[PDB]
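In what follows, a single structure is set out as structure tokens and then discussed.
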Amino acid sequence: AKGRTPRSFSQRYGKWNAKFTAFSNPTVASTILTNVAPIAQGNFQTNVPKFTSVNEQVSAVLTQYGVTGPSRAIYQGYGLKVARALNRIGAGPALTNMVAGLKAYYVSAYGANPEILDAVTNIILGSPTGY
DNA sequence: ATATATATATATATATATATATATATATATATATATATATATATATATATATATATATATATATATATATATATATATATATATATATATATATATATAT
């Protein structure tokens, strides 16, 4: 019962402004944040190691291919994207479809190299295709 | 009229202590000066240079921290949405029925 009626710009802005003004109160923000701190710490601890590892391994792969500068970000981004899928839905045919779609995305929009994309997905999932 | 004690006086003189003076000199201490020089400490300057610390700059580069951005992607948290569905809670209804 949250996304049932359409909301226009004035409605979205009114509700967002009300909630943002409310959160700016010292007591409201302090209470909410000190209550959710342990759960936030637990979620960070459960999730971020899987992505720092991907960062390090894709860095190692990128240095062997000579990628320097902001062009590394491209492949780093792709790596992280793939990892997200592996964390979200798991391994299987759905992950194959999403890997193919992400490669098409990056090759067509961002001018990525197919060979380096294969190398990144190989260091992450085990094979270029991801089967 | 006598003896002991607390004081005031008339007259000269003596010893103890607190001070003020007339005349010169000596020693100790607190300071002010005339004349040169030295040593210790607090500071201001003339001329160059060095070391320590607080900052401002000329020119490039590096590391740590607080933020703002150019471009895509990831994770944690506060919220606003597009579209179905589920769970907890605060209420309004359509229809019958039960309990406080």
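Hydrogens, waters and symmetry mates are skipped; everything else that's a heavy atom, side chains included, is used. Here is the naming used below: chain letters follow the sequence lines, and residue numbers restart at 1 for every chain.
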Would you indicate what [X] reaches in the nucleic acid, counting non-hydrogen atoms under 4.0 angstrom: base, sugar-phosphate, or nothing?
| X | value |
| --- | --- |
| A:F20 | nothing |
| A:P6 | sugar-phosphate |
| A:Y106 | sugar-phosphate |
| A:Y75 | nothing |

* Could you tell me the separation between the CG atom of A:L95 and the OG1 atom of A:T129, rounded to the nearest 0.5 Å? =>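 Between atom CG of A:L95 and atom OG1 of A:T129 there are 10.5 Å.
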Which listed nucleotide ([options]) is nearest to the side chain of [X]?
| X | options | result |
| --- | --- | --- |
| A:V48 | B:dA73, B:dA75, B:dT78 | B:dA75 |
| A:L80 | B:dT74, B:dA77, B:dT80 | B:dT74 |
| A:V36 | B:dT78, B:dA79, B:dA71 | B:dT78 |
| A:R7 | B:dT82, B:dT74, B:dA71 | B:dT82 |
| A:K15 | B:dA71, B:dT76, B:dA81 | B:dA81 |
| A:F51 | B:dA75, B:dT78, B:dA73 | B:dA75 |
| A:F44 | B:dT76, B:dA85, B:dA73 | B:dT76 |

* Note, A:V48 side chain near A:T52 side chain (heavy atom, < 4.5 Å) -> yes
* Determine whether A:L125 and A:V107 fall in the same hydrophobic cluster, where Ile, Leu, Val, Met, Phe, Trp and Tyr are linked whenever their side-chain heavy atoms lie under 4.5 Å apart. => yes
* Same apolar cluster: A:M98 and A:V58, side chain cutoff 4.5 Å -> no
* To do: Decide if the distance between the centres of the six-membered base rings of B:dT82 and B:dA83 is under 5.5 Å while the angle between those ring planes is under 30 degrees.
  =>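 When the rule is applied to B:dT82 and its neighbour B:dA83, the answer comes out as no.
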* Measure the acute angle between the ring planes of A:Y106 and A:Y110, then classify it against the limits of 30° and 60° as parallel, tilted or perpendicular. => perpendicular
* Structure fact -> Under the convention that a positive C1'-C2'-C3'-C4' torsion is north and a negative one south, the sugar ring of B:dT28 is north
* Using whole Å, report how far CD of A:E56 lies from P of B:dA75. => 17 Å
* Structure fact -> A:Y105 OH to B:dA71 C1', in whole Å, measures 11 Å
* Ignoring backbone atoms, establish whether A:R12 has a side-chain N or O less than 4.0 Å from OP1 or OP2 of B:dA81. => no
* **Under 4.0 angstrom between A:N47 side-chain N/O and B:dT76 OP1 or OP2** =>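 A:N47 to B:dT76 OP1/OP2: side-chain N or O found under 4.0 Å.
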